[PDB]
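Student:
Residue numbers (our numbering), protein chains in the order written: chain A, 1 to 468; chain B, 1001 to 1038; chain C, 2001 to 2152; chain D, 3001 to 3055.
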């Protein structure tokens, strides 16, 4: 009863801003987005995700959600007296007896701000009234009398889709900002039990309705939902992105775009790619927003640089290593050691030692080409090393035992185009060369057009950012 | 932030990356025994 | 892969393909984008008497891919069941762009003295004189004179 | 009024965009003038520089 005043304070600090302030920031505002309380409220949703939200236990049971959802009314200027009601109900938790009125009694509590009066006209108060109670209910998924209620609370959020689609006005720059979060929690609670089936068409038509009339933070986030949907399950509709690539917003949330490029980097990694996939993995890597969230870059980075492992030109990756990730990369450290080593028995004994964590990865694409990566590491090293090597030297240095499969190796390496190396054809016996004096002057200034044209692009972008 | 699925999850340390790069070359006599091999 | 099941050169398996279309076209939005060419084959074929539905799912998949002038072409090619719909995304955005073409066409032909115009394609004027009667018999004539603005 | 208020939204945006344009050519003109000023700053001077002393 002395700690629940801290949810009592932060609860009023949240819906003061949200209800009164963003309702006044919805009345006449939003020239581009003057709803700064929307980003303030998403900051407070991250604040309720740091802390306990409001009333999970808090030394009592079920105090705020029966309390504050009453009597908003939006009327004559003595509705700060309804705020005074909200404030002076707080003798119940400290003084009186707390009673259980959440997760069961919420079904008319959500209908209370509609059945008081014709409160107001805008939907962000309705999204408030169905989000700010019900998002404090989702992160307790103990699957007993709590997850069927997340299910029904997000059925009320599907009614919030209905009252997002037929609400009379660019309130989507608040409701899609909240709906990004809560539709991720939709996908979470729906897939804590089974794969979601008609929620796919929910998501399809929800992407459809956000097409042009209000195309603001909805398309990219629902596309992240759709992408991770097609990622977690069988892989049939990546041709949909190959035919309907409409994936380019303002890239607003500045981390949504980062992890979006990460997820589609995993896509192009699993389709087939080295180059474009590793460069968008690199751009998402350097577009890591901060390290203010403990060890969340780490597992996702273990799966990020799988393609760089598949390059073969990677050293040990240890600068990323969280020490709490060490006990999980007990396979992965020896795996990049098996990348640095050319042993074959160790190449399959790391697999024979860690196939279960390789299934935890669940990417066969790595081991279906990692032997080929070992022989390409060999050919890159030794073909960069010597001018006129023999195929027998490298062959029976890497246990090939015959000339003709070394010929097929050198031939498919010419076909893969690393070095000039040809064969002094009598019985093999490579006659070859390196390549210095290739070119060095007009060829840099070919790329310097892209250098400085990229620089002047960022000049004009800083100009259009200086405009703000 | 880490709002993704991932929430599911110098003494020699400086010279250690080179050490694992040194983990494939005669870790530390046959160098010196090669003198008398010829 | 639902279009390789069309080697039977009559419309009588094109109809089973369309019975697959109006079932799972939103899932198979990835699939029809390659099949644009055979949807063109269906529109060009006058013996394909369901060419109305060919232009229907053509404007559907082009509404998906973001084609809009060809959505207008095959929106006119869609037929008489095109304008009559009361749906809230598809039909009203594409008749929005269609009667937007009607008013910019009546501006350009109002900028074109005495004929030599682009003629009325045979599936215009439908919701013009049908939603116009909604505007008239809803007894507020401000849209009924707003079209008179928009046509010059 | 969808056939009046909405339409009336262009009754002034044309002059709006025209002045938004003219601000650019006037940026150009004022830049010309500023270059003229900077020119006239030091062209007669610094040749017969007499010497005193600050006090």
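C-beta atoms are modelled at their ideal positions from N, C-alpha and C, and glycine is treated no differently.
(1) Less than 8 Å between the CB atoms is what I'm expecting for residue 2094/C and residue 2075/C, so what's the real figure, rounded?
(2) Helix, strand or coil, according to DSSP, for residue 423/A in the structure here?
(3) Can you tell me whether residue 430/A is helix, strand or coil according to DSSP?
(4) Can you grab the Cα-Cα spacing for the pair residue 185/A / residue 136/A, in whole Å?
(5) Could you give the C-beta distance for residue 2006/C and residue 2057/C, rounded to a whole number, given that I count them as a contact under 8 Å?
(6) Three-state secondary structure (DSSP) at residue 79/A?
(7) Would you call the stretch 174-193 of chain A and the stretch 35-54 of chain A touching, i.e. three or more CB-CB distances under 8 Å?
(8) Should residue 93/A go down as buried or exposed, given a rule of 16 or more other Cβ atoms within 10 Å for buried?
(9) Going by DSSP in three states, residue 5/A sits in which element: helix, strand or coil?
(10) For residue 2146/C, decide whether its Cβ has a neighbour in chain E, counting only Cβ atoms nearer than 8 Å.
(11) State the Cα-Cα distance for the pair residue 295/A and residue 394/A, rounded to the nearest angstrom.
(12) State the CB to CB distance for the pair residue 304/A and residue 262/A, rounded to an integer number of angstroms; the pair is presumed to be in contact (CB under 8 Å).
(13) Pick out whichever of 293/A, 289/A and 285/A has its Cα sitting closest to the Cα of residue 308/A.
(14) How would you label residue 2011/C, buried or exposed, when you count the other beta carbons within 10 angstroms and need 16 or more for buried?
(15) At 9 Å on the CB atoms, spell out the chain C contacts of residue 3002/D, in chain order.
(16) In three-state terms, what does DSSP make of residue 358/A?
(17) Does DSSP classify residue 124/A as helix, strand or coil?
(18) How about the stretch 324-332 of chain A and the stretch 379-395 of chain A: do they share at least three Cβ pairs that are nearer than 8 Å?
(19) To be precise: take each residue of the stretch 259-278 of chain A, compare its Cβ to all Cβ atoms of chain B, and keep it if any distance is under 8 Å. Which residues remain?
(20) For residue 145/A versus residue 23/A, is the C-beta distance shorter than 8 Å?
(21) Taking only beta-carbon positions, decide if residue 337/A is within less than 8 Å of chain B.
(22) Just the C-alpha distance for residue 1034/B and residue 1025/B, rounded to the nearest angstrom, thanks.
(23) When you compare only the Cα positions, how much space is there between residue 3029/D and residue 3046/D?
(24) When the Cα atoms are used, what is the spatial distance from residue 453/A to residue 2115/C?
(25) Work out the CA separation of residue 2039/C and residue 245/A for me, nearest whole Å.
(26) Would you mind stating whether residue 312/A and residue 412/A have Cβ atoms separated by less than 8 Å?
(27) Select from the stretch 192-214 of chain A all residues with a C-beta closer than 9 Å to any C-beta belonging to chain C, and list them in chain order.
(28) Which residues in the same chain as residue 299/A place their Cβ atom closer than 8 Å to its Cβ, once the five residues preceding and following it in sequence are excluded?
(29) According to DSSP, is residue 473/A helix, strand or coil?
(30) Along the chain, where does the alpha helix (DSSP H) containing residue 147/A start, and where does it finish?
(31) Roughly how many whole angstroms lie between the Cα atoms of residue 226/A and residue 2110/C?
(32) What does residue 1024/B touch in chain A if you count any residue whose Cβ is under 8 Å from its own?
(33) If you measure between the beta carbons of residue 1021/B and residue 315/A, is that distance less than 8 Å?
(34) Could you check the C-alpha separation between residue 113/A and residue 96/A for me, to the nearest Å?
(35) Using three-state DSSP, classify residue 256/A as helix, strand or coil.
(36) Contact defined as beta carbons within less than 8 Å: I believe residue 280/A pairs with residue 264/A. What is the distance between those atoms, to the nearest angstrom?
Tutor: The short version:
(1) Position 94 of the third chain holds residue 2094/C. Position 75 of the third chain holds residue 2075/C. Right, the Cβ-Cβ distance comes to about 5 Å (below 8 Å), so this counts as a contact.
(2) Counting from 1 along the first chain, the entry for residue 423/A is found at position 423. Residue 423/A carries a strand assignment under DSSP once its states are collapsed to helix, strand and coil.
(3) By 1-based counting over the first chain, the position of residue 430/A is 430. Three-state DSSP puts residue 430/A in a strand.
(4) Start at 1 with the first residue of the first chain, and residue 185/A comes out as number 185. Start at 1 with the first residue of the first chain, and residue 136/A comes out as number 136. Roughly 11 Å between the two C-alpha positions.
(5) On the third chain, residue 2006/C is found 6 positions in, with the first residue counted as 1. On the third chain, residue 2057/C is found 57 positions in, with the first residue counted as 1. Residue 2006/C to residue 2057/C, Cβ: 13 Å. No contact.
(6) Position 79 of the first chain holds residue 79/A. Residue 79/A: coil per DSSP, three-state reduction.
(7) Per the Cβ contact rule, the stretch 174-193 of chain A is in contact with the stretch 35-54 of chain A (3 or more Cβ pairs under 8 Å).
(8) The residue labelled residue 93/A in the question sits at position 93 within the first chain. Residue 93/A is buried by the Cβ-count criterion.
(9) By one-based count along the first chain, residue 5/A stands at place 5. In the structure shown, residue 5/A adopts helical secondary structure according to DSSP, grouped into three states.
(10) Chain labels in this structure do not include chain E; the protein chains are A, B, C and D.
(11) Position 295 of the first chain holds residue 295/A. Position 394 of the first chain holds residue 394/A. Their backbone Cα atoms lie some 42 Å apart in a straight line.
(12) For the purposes of this step, residue 304/A is taken as the residue at position 304 of the first chain. For the purposes of this step, residue 262/A is taken as the residue at position 262 of the first chain. About 7 Å separates the Cβ atoms of residue 304/A and residue 262/A, confirming a contact at the 8 Å cut-off.
(13) Translated into positions along the first chain, residue 308/A becomes position 308. Checking every option, the nearest Cα to that of residue 308/A belongs to 285/A.
(14) Within the third chain, residue 2011/C is the residue found at index 11, counting from 1. So residue 2011/C ends up on the buried side.
(15) For this step, residue 3002/D is matched to residue 2 along the fourth chain. Simply 2142, 2143 and 2146.
(16) Numbered from 1 along the first chain, position 358 holds the residue referred to as residue 358/A. DSSP, read as helix, strand or coil, puts residue 358/A in helix.
(17) For the purposes of this step, residue 124/A is taken as residue 124 along the first chain, with counting starting at 1. For residue 124/A, the three-state secondary structure derived from DSSP is helix.
(18) Touching, no, given that fewer than three Cβ pairs across the two stretches are closer than 8 Å.
(19) The stretch 259-278 of chain A vs chain B, Cβ under 8 Å: 259.
(20) As a working mapping, residue 145/A is identified with position 145 in the first chain. As a working mapping, residue 23/A is identified with position 23 in the first chain. No.
(21) Stepping through the first chain from its first residue, residue 337/A is reached at position 337. The beta carbon of residue 337/A falls within 8 Å of a beta carbon belonging to chain B, placing the residue at that interface.
(22) Within the second chain, residue 1034/B is the residue found at index 34, counting from 1. Within the second chain, residue 1025/B is the residue found at index 25, counting from 1. Computed Cα separation, rounded: 16 Å.
(23) Position 29 of the fourth chain, counted from the first residue, corresponds to residue 3029/D. Position 46 of the fourth chain, counted from the first residue, corresponds to residue 3046/D. Taking the straight line joining both Cα atoms gives about 29 Å.
(24) Looking up residue 453/A in the first chain gives position 453. Looking up residue 2115/C in the third chain gives position 115. Those two C-alpha atoms are separated by around 50 Å.
(25) Taking the first residue of the first chain as 1, we reach residue 245/A at position 245. Taking the first residue of the third chain as 1, we reach residue 2039/C at position 39. Taking the straight line from one Cα to the other gives about 21 Å.
(26) The residue given as residue 312/A occupies position 312 in the first chain. The residue given as residue 412/A occupies position 412 in the first chain. Going by C-beta atoms, residue 312/A is not nearer than 8 Å to residue 412/A.
(27) Taking 9 Å as the Cβ-Cβ cut-off against chain C, the residues of the stretch 192-214 of chain A that qualify are 200, 201, 204, 205, 208, 209, 211, 212 and 213.
(28) Residue mapping note: residue 299/A aligns to position 299 of the first chain, counting from 1. Here the set comprises 325 and 328.
(29) Past the boundaries of the shown model lies residue 473/A; chain A is included only from 1 to 468, so the question cannot be answered.
(30) Numbered from 1 along the first chain, position 147 holds the residue referred to as residue 147/A. Run containing residue 147/A: 147-165, per the alpha helix (DSSP H) assignment.
(31) The residue given as residue 226/A occupies position 226 in the first chain. The residue given as residue 2110/C occupies position 110 in the third chain. Distance between residue 226/A and residue 2110/C, taken at the CA atoms: about 47 Å.
(32) In the second chain, counting from the first residue as 1, residue 1024/B sits at position 24. Neighbours of residue 1024/B across chain A, judged by C-beta separation under 8 Å: 340 and 341.
(33) Here the question's residue 1021/B lines up with position 21 in the second chain. Here the question's residue 315/A lines up with position 315 in the first chain. Yes, the pair counts as a contact, with Cβ atoms nearer than the cut-off.
(34) Position 113 of the first chain, counted from the start, is the residue given in the question as residue 113/A. Position 96 of the first chain, counted from the start, is the residue given in the question as residue 96/A. Cα-Cα distance, rounded: 25 Å.
(35) On the first chain, position 256 is the one that residue 256/A refers to. Here residue 256/A sits in helix by DSSP.
(36) Taking the first residue of the first chain as position 1, residue 280/A is located at position 280. Taking the first residue of the first chain as position 1, residue 264/A is located at position 264. Contact between residue 280/A and residue 264/A holds, since their C-beta atoms are separated by about 7 Å, short of 8 Å.
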